[PDB]
Every structure is written in structure tokens, then in C-alpha cells.
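# PDB entry and its sequence, pasted below:
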Amino acid sequence: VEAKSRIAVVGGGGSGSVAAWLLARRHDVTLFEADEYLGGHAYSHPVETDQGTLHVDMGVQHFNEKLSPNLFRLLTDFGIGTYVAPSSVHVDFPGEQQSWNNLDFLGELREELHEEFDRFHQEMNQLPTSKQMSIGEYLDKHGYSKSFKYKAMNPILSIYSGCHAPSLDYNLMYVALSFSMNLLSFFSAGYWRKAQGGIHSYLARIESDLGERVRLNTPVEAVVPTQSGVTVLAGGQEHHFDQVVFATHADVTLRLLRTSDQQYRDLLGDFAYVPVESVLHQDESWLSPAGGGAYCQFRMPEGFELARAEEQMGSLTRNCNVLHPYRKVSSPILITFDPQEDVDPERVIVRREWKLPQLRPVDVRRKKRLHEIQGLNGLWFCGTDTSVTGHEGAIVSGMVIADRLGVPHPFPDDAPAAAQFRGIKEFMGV
Amino acid sequence: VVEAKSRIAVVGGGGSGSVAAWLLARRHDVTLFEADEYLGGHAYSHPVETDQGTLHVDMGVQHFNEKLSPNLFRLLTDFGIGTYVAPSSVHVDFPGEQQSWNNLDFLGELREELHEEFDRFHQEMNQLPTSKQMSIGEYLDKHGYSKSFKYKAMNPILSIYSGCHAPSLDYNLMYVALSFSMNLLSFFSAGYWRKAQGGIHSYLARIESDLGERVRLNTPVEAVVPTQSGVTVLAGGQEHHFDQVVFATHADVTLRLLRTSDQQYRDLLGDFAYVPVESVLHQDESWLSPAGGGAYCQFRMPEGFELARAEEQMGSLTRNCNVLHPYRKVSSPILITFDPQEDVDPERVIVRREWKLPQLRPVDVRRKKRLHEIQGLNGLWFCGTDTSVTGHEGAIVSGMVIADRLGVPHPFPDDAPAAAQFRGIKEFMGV
Ligand SMILES: Cc1cc2nc3c(=O)[nH]c(=O)nc-3n(C[C@H](O)[C@H](O)[C@H](O)COP(=O)(O)OP(=O)(O)OC[C@H]3O[C@@H](n4cnc5c(N)ncnc54)[C@H](O)[C@@H]3O)c2cc1C
Ligand SMILES: Cc1cc2nc3c(=O)[nH]c(=O)nc-3n(C[C@H](O)[C@H](O)[C@H](O)COP(=O)(O)OP(=O)(O)OC[C@H]3O[C@@H](n4cnc5c(N)ncnc54)[C@H](O)[C@@H]3O)c2cc1C
Ligand SMILES: CC(=O)O[C@@H](CC[C@H](C)CC[C@H](O)CC[C@H](C)CCNC(=O)[C@H](C)O)C[C@H]1O[C@H](O)[C@@H](C)C(=O)[C@@H]1C
Ligand SMILES: CC(=O)O[C@@H](CC[C@H](C)CC[C@H](O)CC[C@H](C)CCNC(=O)[C@H](C)O)C[C@H]1O[C@H](O)[C@@H](C)C(=O)[C@@H]1C
Ligand SMILES: [Ca+2]
């Protein structure tokens, strides 16, 4: 792929935006984004409160310097601060005092499951130094109770996966690492950061630097390789490019792409997802009377039956008032994910509906296999479905494509950023 | 060349000695001399009589974890000794009204005063090991940190390790950076630490049993003299004769006991620096902080604190053992205060222990490493905390390194992190 080629980036989430941003240094880049902003799952909604206007992260919220070095470095270079936002967690179930949390040892569930929490930490710490099973399999295989599976493991895993997810089917190392890196924990609040004035700040900066190259509100309808180059059909027009980089979800990538080949069907067809509803609201009734200063608060509703555990599901609520920059703020600012009961519509600021990728061992395998179509027909692929999960994974896949199309990894000097890049470059087959 | 079935003495029955003896006894005729009336040294568990039974309360060595202490952890596992999590929740109180911070919530005037610096500090410690042979103190000065942060946050939280008498701010930076990046110490969460079931003594009791009458308690070695034939040890008004001698005593003890014509021995063992610690096991509930609720570790600085005189002044750390899981049904207060400044109500004191700890300044580390040039000369060997990395894993693995060197290989080769720790500590000592 020679210099100054005409290149399209389809999808303006984190992966696409970063990929575009880097590519624009060497190539004539156009970036198509379906919705009216840049960031995708990274969205920050303004809330005006008696102490000012605050941008509240509704999808992507959390990362840290160790897990997310490239994103972290990027935030730093753009002069965006961060702050610690510890993952304190409270779980409530139907009965009297049927709770645990990871700040104190109070609650009946904690009492019921403490020995298992204790064992679990040890075993997760011992794993990465020795197992292509799911967390669920592991738990069954190693003597853990069903109460532990569905009253502790599955709710704490909802911090990542949404309360609709079959999180217990997700890959074991994902969970083991989360516990050994103090991201999820039954004994302490996990070490996580947020970005100053919302996650969108970095994306706003990218949007500015890209200028007129960014086509918002322009959903690509299809993408067709030809003998000369690749044609993109978007917004009642046809545009002509030398290369096309996909930064869309596989099921979108597959619908849009229209080729004679059926390996494309073989690879992109079987990706599975999970719906998530993020409801930004001020209805203080969703806070737990027990769950005091806990950032993350899970409630399972009346009617929970352990026998029917796989069908039933709770809601996770985040108390943003516990964040340090919100500590002077007088209005409640809450986000409930996947609420089962409806939220008082007089108190709802806004909803967003999104989907997240399943992370079963098979899905990981499926992601990796996308290397055999990478570069064929002047097509490239980045996004969460090509990488490790989380935002670092998303955006670094963008960087991997840009490196592959000439524009090298911009932080070679940063040892952990570089290693993450090398690792993700190895994960994708690029 | 140390051939099989040689007569070998281990001088000192702390963790290092006991483990070293235990392994050596598989190949050699071992005797282990310990000065005091039990095996373990700083590892001491005192019985306390309570409404739930008899509890063994750790007074010195208390905490470790599977990641930091793989060999110790495996040993407990093989002996069938359980562990439990004992999160390091921390509350700091200073003289004023509400002059506190803690690592469970964001309450307190000191939290308000210092939040920005705690936040920055975590980042910077996480970024360090991926890039610096200075002290934590130097680092803090060099990187713009306030004196309030140095003496009201860093020095108190470092007292969890060093004792409230220590010049902790002069200790090595990587020691601190690692502690923060491994979630051992933290300003935002409770650190991940474990305790052993029925006290730390459990493993040592098991070692004592397996060694049998090879263990001489209450038998302080008076001196150790190499000769042409072997080495003579003078203890308990008698002389015993050995082919080799392994020291598991502190350098200043090792030096007093040892007597040779050589003055490199003086050069190496002479300049080791220590810190006193008083551990007071008691039931005076007045030492608990009215603010500091369910916090395991509670630091108090007394009235009279002057930031300008910060280097002379010092607080006391109190541990609320009633917050530990196995003590949750217990109705009597069980507290340990370390280095109390005010006196503890002697009607409520169960027992005191006075101990000393090694200083961990960059120079002290250098000093430890240099002990390789005397290792094996005159049929003498050296293990213990003064030869190794700090903490119990370091102590006991130094014992294992000597045993490996005297034939008995590292007993946990198939545990990858245990083996790597062994290799690392073998490299640290020059053995
Ligand atoms: C509720 C929620 C919370 C999350 N929280 C976190 C968190 O705290 N931390 C974290 O690390 N990760 C989080 N994630 C993961 C998140 O998916 C990644 O961090 C990252 O944002 C994924 O980026 P992406 O660019 O790969 O996909 P997306 O962010 O979905 O963006 C892809 C873009 O493609 C666009 N698109 C779709 N069809 C078309 C078309 N025809 N034409 C043009 N564009 C199209 C979409 O409109 C979208 O903007 C969260 C996800 C969700 C749903
Ligand atoms: C208060 C305190 C708390 C601590 N807490 C922890 C903790 O929580 N976690 C952790 O990992 N580490 C901790 N340590 C560190 C501790 O030093 C090591 O874990 C380890 O126990 C030191 O082992 P050692 O055998 O090298 O020294 P010691 O355990 O001190 O052993 C030295 C032994 O030599 C003996 N001795 C002295 N003179 C003679 C003589 N003439 N003849 C024979 N024997 C003699 C002593 O009686 C003693 O038994 C703590 C130390 C102290 C003081
Ligand atoms: C090697 C490395 O550094 O990356 C690891 C990935 C660990 C993830 C980055 C941890 C989770 C993400 O950071 C972010 C999840 C985020 C916090 C979602 C938040 N969601 C919500 O708030 C709502 C409730 O849904 C490796 C794992 O990545 C794969 O995706 C995973 C399936 C694995 O098996 C790998 C071991
Ligand atoms: C290789 C490895 O993992 O070990 C690291 C050191 C990590 C320490 C051993 C971590 C803490 C100790 O294990 C535990 C100290 C213990 C909790 C003392 C408790 N004391 C008390 O309770 C009272 C108040 O005195 C490396 C450091 O070891 C060196 O000793 C240190 C001086 C260093 O510079 C190295 C970086
Ligand atoms: Ca009860």
C-alpha cells in the first residue's frame, strides 16, 4: 500500500476515529460515521446541575494506566487529566439483608459466601502461572456453589458485560486476569480511572484535527471491491477509494460488505452480541438503602429463583455522586443499566441502546481467525470484534491497521504502550 | 565441595533458619540452635483466651500473599495450613478536628488537602517499573510533592511495614513503587494480604515436629570458631563439632558470635543498621479511632505535631484484630499497637515483644548483596533477612538457597512463580 492513497474509514467509534487520525498523516482519509458524533460506545452526555455543566460517561467510562497505556498516553498528550474512580460494589438480593459488598464484611450473602470469595481470589491469582474453558465451567469443575455463580460472580461480571449477558459463558482468563489485576474484587475496590470532563474530550480533539474529512450522519450503505479500487455507497452518492478500513461491528461489517466470496460469510457470520440499555436519570429510588457509598450497585428483583437463574436478571446502577469531581454536586446523577422495572420518566435525562460482543472462548477464537481476510481486496478491519475487549483494545486495533498502512505506532518510547501494541498486533493477524 | 551426610549446624531458629534446617535434614545430620523458647523469631503467635476459645495472635510476622510469597504459600499448602484474606484498610488521624484520611471512603480534611497528590502518586508508581536508585524520600522531593504528603500520608502508610520508629522515607524507591503497583499499599483501596490459619506459628510448629530433637530451644550459641578439622560451636556450656555452619541470625549477632582472625568479616557485617519495634498486644479499646471505624490499620499522631519538626516526631500504629474474619464472633478487644508513644494501660496489656528490623535504604541493599564474598569460606554459610529481600518470603527462600547450595534442591520446581522467586533470590545473594 503506497503513500497518499485514498482511504475510507467506515465507523467513527474509538477504533475508527483513532485509525482515521493516524492514517490522515500519510493518506487522503475520509471517515464515515452513522450517528451525529464521534465515539460510538464512548459517549458523554451534558448534565446541567446547580454547581455547573458536567459531561457524564454513559457507555465507556473506565480504564487505567496499566491496562490501557496507549489510551492513557493519548489522553496525556492531549492534556486530558484522569482521576481514580474505585470500583466499589454492592449486591442486593430479595431477602432481608441479602447483600455483600467489597468495602466491608457486612451482609448475609457475604457471610454465606465468604469462604468461596476467599478461595476464588487465590485460585485466580494462581491461574496465569501454570485451561480454555469458560468461567462457568471452571466454577462447576472446582466445587463452587450455584449461589456463588449467580449471586456473586454473575453480578460482579455485569460491571463489564451488562446485566443481560451470559457472563458465566465468557472466557476464564478474562475473569482471572481481572481479579489478579485488582479490576474486579470481592475484598477491595478495583483500581480504575475516569477521564476529566468525560471520555469524549479526546474524541472532540480528534474531530477537530480531522476537520472536513469527518462525515457525520453518513451511514455507509455498502462497500464493493472492484478491479480499480473499492467503492463505498453512502448518503446517496458513490465514492472511490484505494483501500477501506472497517471499524464497525462484524454483523454490520458483513451486511455492508458485498462480495462474491463466502469465506467472508464463514468469518463474520457467527459473531454474537448482547443488548445494553444505559439510562441516565435522577430517580434516587434506585440507590440501595444498604449500599451506601458504593459506586456500582446491583439489585436482583423479587422473584429470584436459583433454579431459573439463567433466565432471570437484575439491574446495575452507578452512583456518580460518589465520584470525586461530583462531590460538591447537589442533584442526583445516576445511570442504571438494563433496568427491569421502568424508571420514572419524569426523572430520566436520556437513554442509549447499544450492543456488546460476547466473549466466550469460541468468540475469542472467532476474532483471531479474521486475519485470513485482512488486506484481501483492499479491505482492512479494526474495532472491538478484532481485538481484546475494552477501549484500549479497540483503539489499539486502529493503530495496528494504521501501522500496517505506513503510519507507525505513535508511542514507541513508552514500553508498556509498545508492548500492548505488539500484543494486539499479534492477536489480530496483521 | 560439601559432600553428603556432613554434620551441619544452623545458628538461629527464625523463619530462615528453620526452613534451612528442615531442608538440610533431608541430606545431612542437622542441629538447629535457637536462643529463645520457640521457633519463628519475628514469626510469633501469642495465645489469647477469649469467649470463642484460644486464639493465636500474630505479633510480628502477620501478612503475606500468594503472588508475593509463593514459596511460603506453597509450604503452608503442603502442610495443610489454610489462609484467609486480611485487607489492608488504613485510617490516619492527626491532631486537629477531622484531620484524617483513609482508603475506604473519601472522608476527612487531610483527604481533602491531599487527594490530588494521592491520585498522582498512584499513577507515577504504576509507571515506574516500566522505564531510579534513589529513596522514596528523594523521589518525592524531586517530583514536586508536598511535605504534608511526605509526613501525613507516605510515612504513616509506610509504617505498616517498617515500624513507626523507622526512617521509612530513606528506604528504597522500588520497594515502595512495587508495593503500590501490586495493591499491597494504597490510598484508594484496601491492599490484598493474607494471614495463616491459627497464626503464622502453625508452619513452624510443623517444622519443629519434623525436626524432633535436632532442635535445641533455649540454647543461645555463645560463639562459632572455624578450625582445620571443621567448625566448633559453643552453646549451653558445651562444645559441639560440625563440618559446616549456617548462620540464620542477624548480621550484628552473626558478627559477635563469629570469631576469626579475618577483618573482611568486620568490613561486611559491621555497618548493618536496624530499627527498634515494640509490639504491644492489648485490650485497651481507647487506642481505636472514633472516626476510623472498620479500619484494620489505624495510625495516630499525638498532639504536638509540628510539620517543621517532622523528622523527630512519630506516631503509633494500632491494628484492630476484631476486624479479621476468624475474630468476628469474639467479644473481647484484641489489639496490637506498634511503637506506642503514650503508655498503654498496663492492666489491659496481654504481652510485649521487642524486636529489631533491618533498614532498607539503597546503601543497605548494596551491603546485603556484598555478603556473597564471604559465603562458603571457612565452612560458614549465611541466610536470614540481612542476606535477602525483605519480608518472610525473602527470609525463608534464603534458607532454601543455602540448602540447594548444600545439595538439597529447591523443593518446589514445578511451581513456576515459586521457582522464579528462588532463582531471583539465589541471584540476589551471590550463591
Ligand atoms: C454501555 C457500554 C459501556 C462500556 N463501557 C466501557 C468501559 O467503561 N471501559 C471500556 O474499556 N470499554 C467499555 N465498553 C466497550 C466499548 O465497546 C469499547 O471501549 C469501544 O468504544 C468500542 O469501540 P468500537 O469503535 O470498536 O465500536 P463502537 O464504539 O460501537 O463504534 C463503532 C461505530 O460504528 C458506527 N456504525 C455502525 N453502522 C455504521 C454504518 N453503516 N456506517 C458508519 N458507521 C456505522 C456506529 O454508529 C459506531 O459509532 C463499553 C461498551 C458499552 C456498550
Ligand atoms: C514487628 C515485625 C513485624 C513483621 N511483620 C512481617 C509481615 O507481616 N510480613 C512479612 O513478610 N515479614 C514481616 N517481618 C519481617 C521478618 O523479619 C521476616 O519475615 C522474618 O521473620 C525474618 O526472619 P529471619 O529468620 O531472617 O530473622 P528472625 O525471624 O528475626 O530470626 C532470628 C532468630 O535468631 C535467633 N538468635 C538470636 N541470637 C541467637 C544465638 N546466639 N543463637 C541462636 N539463635 C539466635 C533469634 O532468637 C531469632 O529466633 C516483620 C518483622 C518485625 C520485627
Ligand atoms: C492482555 C490484555 O491486556 O488484555 C486483556 C483484556 C482485559 C480487559 C481489557 C478488561 C475489561 C475492559 O477493560 C473494559 C470492560 C469495561 C469496564 C466495560 C464496562 N461496561 C459497563 O459499565 C456496562 C455495565 O456494561 C486480555 C483478555 O482480552 C480478551 O477480550 C478476553 C476475552 C481474554 O480472554 C483475554 C485474556
Ligand atoms: C522481588 C520481590 O517481589 O520483592 C520486592 C520487595 C517486596 C516486599 C517483600 C513487600 C513487603 C514485605 O513482604 C512485607 C513487610 C511486612 C508486611 C512488615 C510488617 N511490619 C509490621 O507489621 C510492623 C508495623 O513493623 C523487591 C524489593 O525487595 C527489597 O527488599 C527492597 C528493599 C527492594 O528494593 C526491592 C525492590
Ligand atoms: Ca447472622
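Structure's in. What do you need? Residues are numbered from 1 along each chain as shown, chains lettered A, B, ... in the order given. Ligands and ions are numbered 1, 2, ... in the order given.
# all contacts plus neighbour counts: C-alpha atoms, from now on.
Noted.
# May I see the buried residues of stretch A:381-394?
A:381-389, A:391-394 (16 or more other C-alpha atoms under 10 Å in any protein chain shown).
# got the contact list for it?
Outside stretch A:381-394, the residues that touch it by C-alpha atoms under 8 Å, 6 or more residues apart in numbering or on different chains are A:14-16, A:60, A:63, A:67-71, A:245-250, A:357, A:367-368, A:370, A:374, A:395, A:397-398, A:401, A:424, A:427-428.
# picking that back up, in helices, which of the buried residues of stretch A:381-394 fall?
Members of those lying in helices (criterion: DSSP state H): A:391, A:392, A:393, A:394.
# sorry, back to before: show me the contacts of stretch A:381-394 that map onto helices.
Going by DSSP H, the helices hold A:14-16, A:69-71, A:250, A:367-368, A:395, A:397-398, A:401, A:424, A:427 from the contacts of stretch A:381-394.
# Return the distance of the longest helix belonging to chain A from the chain's centre.
Using DSSP H to define each element, chain A has its longest helix at helix A:108-126. The chain centre lies 26 Å from the centre of helix A:108-126; the measure is C-alpha atoms, centre = their mean, to the nearest Å.
# orientation of it relative to helix B:70-78 in degrees?
120 degrees (axes from the mean of the first three to the mean of the last three C-alpha atoms, to 10 degrees).
# So which elements touch helix A:108-126?
Under the contact criterion of 3 or more C-alpha pairs under 8 Å, 6 or more residues apart in numbering or on different chains; DSSP states H and E, helix A:108-126 touches strand A:98-101, helix A:146-148, helix A:172-180.
# Can you work out which other helices and strands pack against the longest one?
In terms of contacts (3+ C-alpha pairs under 8 Å, 6+ apart), helix A:172-180 is packed against helix A:108-126, helix A:135-141.
# Could you do the shortest one as well?
Other helices and strands packing on helix A:146-148, by 3+ C-alpha pairs under 8 Å, 6+ apart, are helix A:108-126.
# In the helix it packs on, which residues are buried?
For helix A:108-126, by 16+ other C-alpha under 10 Å, it's A:108-110, A:113-114, A:117-118, A:120-122, A:124-126.
# what's the answer for stretch A:224-234, then?
Neighbour-count burial for stretch A:224-234 flags A:224, A:225, A:229, A:230, A:231, A:232, A:233, A:234 (criterion: 16+ other C-alpha under 10 Å).
# likewise stretch A:16-36?
Buried positions in stretch A:16-36, judged by neighbour count with 16+ other C-alpha under 10 Å: A:16-24, A:26-35.
# among those residues, which are in strands?
With DSSP state E as the criterion, strands contain A:28, A:29, A:30, A:31, A:32 from among the buried residues of stretch A:16-36.
# Which of these sits closest to ligand 2?
Using C-alpha to the nearest ligand atom, residue A:31 comes nearest to ligand 2 of those, at 55.3 Å.
# how about the closest one, what does it touch?
For residue A:31, the contact set (C-alpha under 8 Å, 6+ apart) comprises A:8, A:9, A:10, A:11, A:12, A:16, A:17, A:20, A:213, A:214, A:215.
# and whichever residue of chain A sits closest to ligand 4, what is it in contact with?
Taking C-alpha to the nearest ligand atom, ligand 4 has its nearest neighbour within chain A at residue A:125, 14.8 Å off. For residue A:125, the contact set (C-alpha under 8 Å, 6+ apart) comprises A:176, A:177, A:179, A:180, B:66, B:67.
# Could you do residue A:150 as well?
A:306, A:309.
# cutoff 10 Å now
Shown in contact with residue A:150 (C-alpha atoms under 10 Å, 6 or more residues apart in numbering or on different chains): A:136, A:156, A:168, A:306, A:309, A:310, A:312, A:313.
# And for residue A:323?
Contacts of residue A:323 (C-alpha under 10 Å, 6+ apart): A:83, A:84, A:85, A:86, A:194, A:293, A:295, B:106.
# How many neighbouring residues does residue A:129 have?
Neighbours of residue A:129 under the rule other C-alpha atoms under 10 Å in any protein chain shown: 10.
# One more: residue A:131?
Residues near residue A:131, counting by other C-alpha under 10 Å, number 10.
# Give me the three-state assignment for it.
coil (DSSP: H, G, I helix; E, B strand; the rest coil).
# Please verify my assumption that it contacts residue A:172.
Yes: Residue A:131 is within contact range of residue A:172, at 7.7 Å (criterion: C-alpha atoms under 10 Å).
# Quick check: residues of chain A near ligand 1?
Residues of chain A found near ligand 1 (C-alpha under 6 Å from any ligand atom) are A:10-16, A:32-35, A:39-42, A:59-63, A:219-221, A:247-248, A:252, A:354-356, A:383-384, A:390-391, A:394.
# ok, now with 5 Å
A:11-15, A:33-34, A:40-41, A:59-62, A:219-220, A:248, A:383-384, A:390-391, A:394 (C-alpha under 5 Å from any ligand atom).
# Can you sort out which of those residues also neighbour ligand 3?
residue A:390.
# State the three-state secondary structure for residue A:304.
Applying three-state DSSP: residue A:304 is coil.
# ok, now which ones touch it?
Neighbours of residue A:304 in contact, by C-alpha under 10 Å, 6+ apart: A:93, A:94, A:95, A:311, A:312, A:313, A:314.
# How about the contacts made by the closest residue to residue A:24 other than its chain neighbours?
Nearest non-adjacent residue to residue A:24, counting by C-alpha to C-alpha, 6 or more residues apart in numbering or on different chains: residue A:210, 7.7 Å away. Residue A:210 sits next to A:17, A:20, A:21, A:22, A:24, A:29, A:30, A:31, A:204 when contact means C-alpha under 10 Å, 6+ apart.
# what kind of secondary structure is residue A:210 in?
The assignment at residue A:210 comes out as helix when based on three-state DSSP.
# Same question for residue A:316.
Assigned by three-state DSSP, the conformation of residue A:316 is strand.
# Tell me the spatial nearest neighbour of it, not counting adjacent residues.
Going by C-alpha to C-alpha, 6+ apart, residue A:316 has residue A:298 as its nearest residue, at 4.4 Å.
# Which strand residues bridge the one you found?
Per DSSP bridges, the residues bridged to residue A:298 are residue A:91, residue A:316.
# Surely residue A:23 and residue A:406 touch.
Yes: here residue A:23 reaches residue A:406: they are 8.1 Å apart, a contact under C-alpha under 10 Å.
# So which bits of the helix or strand harbouring residue A:56 are buried?
Here residue A:56, judged by DSSP states H and E, is contained in strand A:52-57. For strand A:52-57, a neighbour-count test (16+ other C-alpha under 10 Å) marks A:54, A:55, A:56, A:57 as buried.
# And the residue of the stretch 201-350 of chain A closest to chain B?
residue A:293 (7.6 Å; C-alpha to the nearest C-alpha).
# returning to what we had before: can you list the contacts of residue A:304 in TSV and add neighbour count?
Below are the contacts of residue A:304 laid out as TSV (neighbours: other C-alpha atoms under 10 Å in any protein chain shown):
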residue	neighbour count
A:93	20
A:94	13
A:95	11
A:311	11
A:312	17
A:313	21
A:314	24
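# Next step: these restricted to strands.
Among these, DSSP E puts residue A:93 in strands.
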